[PDB]
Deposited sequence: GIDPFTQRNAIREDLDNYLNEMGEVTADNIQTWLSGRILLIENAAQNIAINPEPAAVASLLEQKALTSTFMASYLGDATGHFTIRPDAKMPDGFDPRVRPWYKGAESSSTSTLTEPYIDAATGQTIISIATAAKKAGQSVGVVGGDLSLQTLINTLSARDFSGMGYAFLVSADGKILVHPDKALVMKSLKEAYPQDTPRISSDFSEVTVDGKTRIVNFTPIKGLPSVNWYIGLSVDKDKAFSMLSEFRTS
């Protein structure tokens, strides 16, 4: 059973790695967008950047919000009345960070679907010209996880125990206590008890997140 715990520790690391790497490609595009927007933040120039295929193919949309509440999104969408970019999680998140950040799941203003955002402040000579973001669907994150690995299921949880991505969408943004109340596994311990183990995801900007592996205790 030390042998099981090896395998779960080592699958946990291969999944924590494959996912850190999948995200960091995405993070770099958003950072490049913010860097590019900062070159020339005229709205025509911003729009041209957010329209390019590397962005429109990678994300559901990408956008710029600023402190006077200017907003550009591609693909373009009618936003609900008294939408304000500055109250959105991606904005507040990037505004309270000196690097790029990832949101926890929230409700898209654009599609009304459950999404996460990668966001970063666009800075020209120290000064801020706004916050750039890119949206990934909860289903996209469920798919990437399911594609990227053993003998049970992988899920994504914050250090505070908030379930972020779970193939059981009913559990998304439940805590571990609220999701597993009978016997509540702690992220404090490498292993729990259906044996669940937590690997920290190494080298994400701003966030302390884990891969949970959940298995039926067998094979």
Counting from residue 1 of the deposited sequence, where are the gaps with no C-alpha coordinates?
1-11, 161-162, 207-213, 240-250
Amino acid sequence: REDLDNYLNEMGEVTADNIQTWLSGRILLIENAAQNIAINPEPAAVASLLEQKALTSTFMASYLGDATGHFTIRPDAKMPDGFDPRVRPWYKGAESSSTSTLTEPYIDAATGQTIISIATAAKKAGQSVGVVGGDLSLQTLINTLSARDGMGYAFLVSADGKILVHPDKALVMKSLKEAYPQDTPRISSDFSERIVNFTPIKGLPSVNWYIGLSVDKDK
From here on, numbers count along this sequence of modelled residues.
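What we label the rigid core is the largest C-alpha set whose atoms superpose within 1.5 Å from one form to the other.
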Stretch 182-190 versus stretch 168-176: after rigid core alignment, which one is farther off in C-alpha RMS in 6 other deposited structures of this protein?
182-190
Relative to the presented form, and with the rigid core used for superposition, do the C-alpha atoms of 50-58 or of 151-159 deviate more in 6 other deposited structures of this protein?
151-159
Higher average CA B factor in the deposited record is what I'm after, so tell me if that's 155-163 or 183-191.
183-191
Ranked by mean Cα B-factor in the entry, 95-103 and 70-78, top stretch is 95-103
Could you look up the Cα B-factor of residue 44 in the entry and say which third of the chain it sits in: lowest, middle or highest?
highest
Ranking every modelled residue in this chain by its Cα temperature factor as given in the entry, which third contains residue 127?
highest
Ranking the modelled residues of this chain by C-alpha B-factor as given in the entry, is residue 121 in the lowest, middle or highest third?
middle
Sorting by Cα B-factor within the chain, modelled residues only, which third would residue 147 end up in: lowest, middle or highest?
highest
